[PDB]
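Residue numbering for the sequence shown is 76 to 503, 513 to 580, 589 to 604, as defined by full-length UniProt numbering. For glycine and all other residues, C-beta sits at the position ideal for the given N, C-alpha and C.
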Amino acid sequence: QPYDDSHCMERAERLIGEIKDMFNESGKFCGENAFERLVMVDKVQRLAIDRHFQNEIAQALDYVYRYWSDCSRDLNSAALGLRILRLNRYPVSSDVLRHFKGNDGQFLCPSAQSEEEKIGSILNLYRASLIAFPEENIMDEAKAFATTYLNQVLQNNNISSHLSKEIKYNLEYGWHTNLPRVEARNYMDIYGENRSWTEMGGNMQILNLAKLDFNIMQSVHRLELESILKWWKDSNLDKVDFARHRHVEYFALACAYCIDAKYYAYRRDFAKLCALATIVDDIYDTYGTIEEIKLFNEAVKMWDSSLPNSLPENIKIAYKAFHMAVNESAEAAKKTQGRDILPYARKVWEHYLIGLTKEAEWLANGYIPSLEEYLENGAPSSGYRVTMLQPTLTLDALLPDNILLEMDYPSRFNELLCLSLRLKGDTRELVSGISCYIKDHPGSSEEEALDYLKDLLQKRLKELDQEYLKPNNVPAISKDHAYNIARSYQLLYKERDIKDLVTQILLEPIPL
Ligand SMILES: [Co+2]
Ligand SMILES: [Co+2]
Ligand SMILES: [Co+2]
Numbered sequence: 076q077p078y079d080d081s082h083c084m085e086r087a088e089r090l091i092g093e094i095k096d097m098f099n100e101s102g103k104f105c106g107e108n109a110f111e112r113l114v115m116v117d118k119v120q121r122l123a124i125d126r127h128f129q130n131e132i133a134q135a136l137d138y139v140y141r142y143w144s145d146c147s148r149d150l151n152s153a154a155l156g157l158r159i160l161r162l163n164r165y166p167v168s169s170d171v172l173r174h175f176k177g178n179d180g181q182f183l184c185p186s187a188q189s190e191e192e193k194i195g196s197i198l199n200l201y202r203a204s205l206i207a208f209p210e211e212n213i214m215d216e217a218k219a220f221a222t223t224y225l226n227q228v229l230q231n232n233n234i235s236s237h238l239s240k241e242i243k244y245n246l247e248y249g250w251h252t253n254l255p256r257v258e259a260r261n262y263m264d265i266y267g268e269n270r271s272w273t274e275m276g277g278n279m280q281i282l283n284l285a286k287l288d289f290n291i292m293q294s295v296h297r298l299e300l301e302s303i304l305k306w307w308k309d310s311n312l313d314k315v316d317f318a319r320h321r322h323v324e325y326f327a328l329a330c331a332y333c334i335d336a337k338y339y340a341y342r343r344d345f346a347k348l349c350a351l352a353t354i355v356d357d358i359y360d361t362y363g364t365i366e367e368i369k370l371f372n373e374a375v376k377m378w379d380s381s382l383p384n385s386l387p388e389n390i391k392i393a394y395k396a397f398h399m400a401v402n403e404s405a406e407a408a409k410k411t412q413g414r415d416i417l418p419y420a421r422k423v424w425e426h427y428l429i430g431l432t433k434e435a436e437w438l439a440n441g442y443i444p445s446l447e448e449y450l451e452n453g454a455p456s457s458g459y460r461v462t463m464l465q466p467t468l469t470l471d472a473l474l475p476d477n478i479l480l481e482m483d484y485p486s487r488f489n490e491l492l493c494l495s496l497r498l499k500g501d502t503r513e514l515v516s517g518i519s520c521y522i523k524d525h526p527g528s529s530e531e532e533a534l535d536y537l538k539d540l541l542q543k544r545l546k547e548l549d550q551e552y553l554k555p556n557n558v559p560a561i562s563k564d565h566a567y568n569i570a571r572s573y574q575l576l577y578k579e580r589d590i591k592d593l594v595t596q597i598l599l600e601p602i603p604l
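Spelled out as C-alpha cells, the structure:
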C-alpha cells in the first residue's frame, strides 16, 4: 500500500507473464517438441531467472524426460538434456553419451553442422561432463575431448567474439567454482552480444527479464548490505584489529544464489556467522592464549553473554559479537522452523570449537596426526557446517530433526560438503593436509602429496554431486543452499579477482 511497484518491477512482471505463455504455447504444440522446450528451460536457467518459472520448467522437463530417447538425438541435445535433467534430479544416465563416442576417444557431431554449431555442441558436452558421478568414465572422456577441442578452437581463433567469450567463460569457471548469478551475469553478455540470438523470437524478452531481475534484486541486496555494515560497526568488530572486511565478500557470495527478498535472514546470517567463524578460527590458530581458548570454550559451553572482563579487547569483542549473532540467527529460525533451535545450534558451534581445539593441542604437543585422522577432524574444523546450518534453518523449508539428520551432520551429504572445503583449502604450518600425508608416506615429495590431495578432491566432488542429486525427504531448497555454500568457497579460493565478484553482484548494475 505505502510503496508502489517500481517501473522495472512492473516491466519484469509483464515479461514473466509473456514468458509463461511461451512455455504454455510450446506445450500446446501438437508433436514432439522436446528440444524446443529444453532449450527454453536452458535460457531461463543460465540467466538465473528460473525461479519465476518453476511450474513451467517442471512441466517442460517432465515432458523432455518422457521423450528422453527421442530428444537425445545428437551430441548437443543429449549433453544439454543430460546436464539439465541431472541437475533437476531426474534419474538420467551418462550412458546417453556413449551413442556418440567414436574411436580415439572422439565424440561425434552431426556432419552438417556449421563450425559455430559444432562448437556449441562440444560446449554443451563440456558443460555436461562437469556433473559427473563416481565411475562414469564416459564423463572423464567427454571432459578431456571437449577441453582439447575448445582450446584448439581458441588457439585457431577465427571465431566470433561472443562465441569466443562463451568458450573462455565456460573453460575458466566450470561448475564447482561457480554460482548461478555469476553464470547469469556472463550469459547476459554472451547472449546479448549475439545478434542472431537476440533476433530469434522470444529471446529478447528473456534477456530483458534477466537484466531487469538482476538489477531489481541487486538493489534489494545492496540495501540489505547496509544493515550488515551497521552491524560491523555496532558490534565494534571494525576495532578487532586482527579481523578483516570479509563480511562484504561473504554477503556477495550468498547473493549470487539466494535471491528472493524474503530470504534476507539467510543472506544476513551467512555473512555474519561466516565472518565470525573466520574470526574465531584466527583466535584459535593464531591470536589466542591457550588459557583464553579454554575460557572461550567454557563460555560457549555455558552460553555466557560475556567473557571475563579481564581478557584482551580483541578476544572480548569477538565473543560478544559471536554470542549475539548466533542468538539473533536462532530467533529467525524459530519463526520459520516453528520451534526452538538455539539448543541444537549451540551443539553445532561446540562441535566446531572441539575441532579447532584439537588442532591447537596437536600444534601445542608437536603431534602430527595421520592424514585420515586430520581429514576426519578437518571436517568439523573447516567451519563449513557452522556457516551452513543456522542460515539454512532460516529459509521457509521446514527441517524437522529427523529430516535434518539427512542433511546436517552426521549425513554423508554434510561430510562431503565439509571435505570439499577442507581439501580445496589444503591444496590452495606443522599440521596440514600435505604434511600429514608425508608423515603417512615417508619420503613422499610435496609434489606427490599435493598431487594426491587434488585427486582426492576430484573424487570427493563427484561423490558430493551424486549425493547432492540423490532424492530423499530433504527439501531441495535446503540442499541447494548448502550445496551452493560449498561452491561459493570453491569459487572464493579460485578468486584468491574477488573484488570483481562483489562489484558485479552488489554494486554495478547491467545496462539494458
Ligand atoms: Co526502471
Ligand atoms: Co541409449
Ligand atoms: Co586459520
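Excluding the 5 residues preceding and the 5 following residue i in the sequence, name in chain order all residues of the same chain whose CB lies nearer than 8 Å to its CB.
| i | result |
| --- | --- |
| residue 621 | Residue 621 lies beyond the stretch modelled for the chain, which goes from 76 to 604, so this question has no answer here. |
| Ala135 | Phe98, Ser101, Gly102, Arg112, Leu113, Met115 and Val116 |
| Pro209 | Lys543, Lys546, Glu547 and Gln550 |
| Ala221 | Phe182, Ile197, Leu198, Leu200, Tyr201 and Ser204 |
| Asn212 | none |
| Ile602 | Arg260, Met263, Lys286, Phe289 and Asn290 |
| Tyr341 | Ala329, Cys333, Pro466, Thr467, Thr469, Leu470 and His565 |
| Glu513 | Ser519 |
| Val315 | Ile354, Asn389, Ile392 and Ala393 |
Can you list, in chain order, the residues of its chain whose CB lies under 6 Å from that of residue i, leaving out five sequence neighbours each side?
| i | result |
| --- | --- |
| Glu107 | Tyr142 and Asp145 |
| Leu604 | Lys286 |
| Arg161 | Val167 and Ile206 |
| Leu417 | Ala405 |
| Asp335 | none |
Classify residue i as helix, strand or coil using the three-state DSSP reduction.
| i | result |
| --- | --- |
| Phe110 | helix |
| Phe182 | strand |
| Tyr262 | helix |
| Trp143 | helix |
| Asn130 | helix |
| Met463 | helix |
| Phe289 | helix |
| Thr502 | coil |
| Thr361 | coil |
| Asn489 | helix |
| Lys554 | coil |
| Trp250 | coil |
| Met279 | helix |
| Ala187 | coil |
| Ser381 | coil |
| residue 510 | As shown, the structure holds no coordinates for residue 510; the chain passes over it, running from 503 to 513. |
| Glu579 | helix |
| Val515 | coil |
| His320 | coil |
| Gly267 | helix |
| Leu122 | coil |
| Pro526 | coil |
| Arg202 | helix |
Opposite residue i in the DSSP bridges: which residues?
| i | result |
| --- | --- |
| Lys240 | Bridge partners of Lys240: none, in fact. |
| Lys176 | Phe182 |
Are there any heavy atoms of ligand 3 lying less than 7 Å away from the beta-carbon of residue i, as far as the coordinates show?
| i | result |
| --- | --- |
| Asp524 | no |
| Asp501 | no |
| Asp356 | yes |
| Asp344 | no |
| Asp360 | yes |
Can you list, in chain order, the residues of its chain with a C-beta nearer than 7 Å to that of residue i? Leave out the 5 residues immediately preceding and following it.
| i | result |
| --- | --- |
| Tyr339 | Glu299 |
| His237 | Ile265, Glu268 and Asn269 |
| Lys578 | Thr252 |
| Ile132 | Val116 and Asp125 |
| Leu246 | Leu225 |
Is any non-hydrogen atom of ligand 1 found closer than 7 Å to the C-beta of residue i, if you look at the structure I gave you?
| i | result |
| --- | --- |
| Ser81 | yes |
For residue i, is the beta carbon positioned less than 7 Å from some heavy atom of ligand 2?
| i | result |
| --- | --- |
| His320 | no |
| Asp145 | no |
| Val171 | yes |
| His174 | yes |
Can you determine whether any heavy atom of ligand 4 sits closer than 7 Å to the C-beta of residue i, and answer yes or no?
| i | result |
| --- | --- |
| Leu491 | In the structure on display, ligand 4 does not appear, and the ligands it does have are ligand 1, ligand 2 and ligand 3. |
**OP:** Say whether the segment 557 to 566 touches the segment 221 to 236, bearing in mind that this needs 3 or more beta-carbon pairs closer than 8 Å, one atom from each stretch.
**Re:** Taking a cut-off of 8 Å on C-beta distances, the segment 557 to 566 does not touch the segment 221 to 236, as fewer than three cross pairs fall below it.
Subject >> the segment 364 to 379 touching the segment 320 to 331, judged by at least three CB pairs closer than 8 Å >> reply: Contact between the segment 364 to 379 and the segment 320 to 331 is absent: fewer than 3 CB-CB pairs across the two stretches fall below 8 Å.
**OP:** State whether the segment 339 to 354 contacts the segment 450 to 466, with contact taken as three or more CB pairs (one from each stretch) at a distance under 8 Å.
**Re:** Cβ pair count under 8 Å is three or more, so yes.
**OP:** Could you tell me whether the segment 488 to 503 touches the segment 428 to 436, using the rule of 3 or more Cβ pairs below 8 Å?
**Re:** As far as the Cβ criterion goes, the segment 488 to 503 does not touch the segment 428 to 436, which means the pair count is below three.
Subject >> Three or more C-beta pairs below 8 Å linking the segment 390 to 407 and the segment 443 to 460 >> reply: The segment 390 to 407, when compared against the segment 443 to 460, does not touch it at the 8 Å Cβ threshold.
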